[PDB]
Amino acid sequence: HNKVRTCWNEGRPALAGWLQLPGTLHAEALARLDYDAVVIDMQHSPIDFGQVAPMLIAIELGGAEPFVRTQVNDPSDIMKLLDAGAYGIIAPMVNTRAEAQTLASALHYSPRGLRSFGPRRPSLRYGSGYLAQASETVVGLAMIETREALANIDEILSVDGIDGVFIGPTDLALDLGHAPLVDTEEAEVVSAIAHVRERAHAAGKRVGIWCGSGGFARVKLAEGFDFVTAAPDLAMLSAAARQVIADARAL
C-alpha cells in the first residue's frame, strides 16, 4: 500500500516530485501526474508543519505517496510527520552511523525503534491492524550530502531500519569544494555519486538522488537509482514563466 515500496517490490524504481511551494492545489495536481511519490521539502522552503499537514492529504488524494524531506534529523519532528500521514522521510545531513541510528529510531515502534504511539492519520488509512504493518508503510532514507557522510557510507548503510540513502548532490558538490550546480558534470562529484549508489546496492539497500531536470533523471534511472526526484516546483514554474514571457515579447 506504500506506493514506493510497491514499486520496489515489483522490481521498478520510483519517480517523485519535489515541492518547495506551500499549498494543496499544485500538490494534488502533481500527485495525479505519473509520479509515484511527491516529496515536500521542509528544509529549503517556507513550508512549516502547519502548511505541510494539508499538503500530505492532498498528495494522498491525488494518488502519489506523500514524502517529506525534513528540516533536520530530529526524532520528534519525524514522529509528528508520520502521525500526520507522511509515508516517506528523507532526513538531511545524516553524516555518521549514530545519526543514521537516530533516524531509524523514529521510524519504528518498540522493540525495533522508539517511535511514540498515536498514529492519528495512519490508523485512518490502514485500520486497527496498522501496528503490525507500520514499519513497512513508511520509507526512510538518510541523506548523504557531505564528505563525512561519504567517508562513513558503509557504516550508515549498515543501519537496520533505514531503507537506504538519498544523495543531496548540490550540498555534496559544495562540501567537496565545487559549485553547488544542479545536475553537475564535475567529474569528482559524478564519481562520488556513482560510488554511493554502488555501495548502497552492494549492501542490499536503496539509493535515491535529487535531480533538476527530466534528462538527468532519465540517466539516473538508467544508472539504477531506486528513487529519483525531478524537478522542484519553483524551478519548473520559474523556467516556464521565463519561456512564456520570451514567447509573448517575441524575444
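Sequential numbering from 1, following the sequence displayed.
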- On mean C-alpha B-factor from the PDB entry, just flag whether 234-242 or 7-15 is the higher one. 7-15
- Query: Hey, which bit's got the bigger mean C-alpha B factor in the entry, 180-188 or 36-44?
  - Reply: 180-188
- Item | Residue with highest C-alpha B-factor in the PDB entry, from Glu148, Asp77, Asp171, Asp83 | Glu148
- Message: Among the choices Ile156, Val72, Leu103, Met143, identify the one whose CA B-factor in the record is greatest.
- Response: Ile156
- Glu28's Cα B-factor: lowest, middle or highest third of the chain? lowest
- Should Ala217 be placed in the lowest, middle or highest third of its chain by the C-alpha B factor in the entry? middle
- Message: Per the entry's values, where does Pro54 land by CA temperature factor relative to the rest of its chain, in the lowest, middle or highest third?
- Response: lowest
- Would you please rank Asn152 by its C-alpha temperature factor against the other modelled residues of its chain and give the third it falls in: lowest, middle or highest? highest
- Among all modelled residues of this chain, ranked by Cα B factor, put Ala132 in the bottom, middle or top third, i.e. lowest, middle or highest. highest
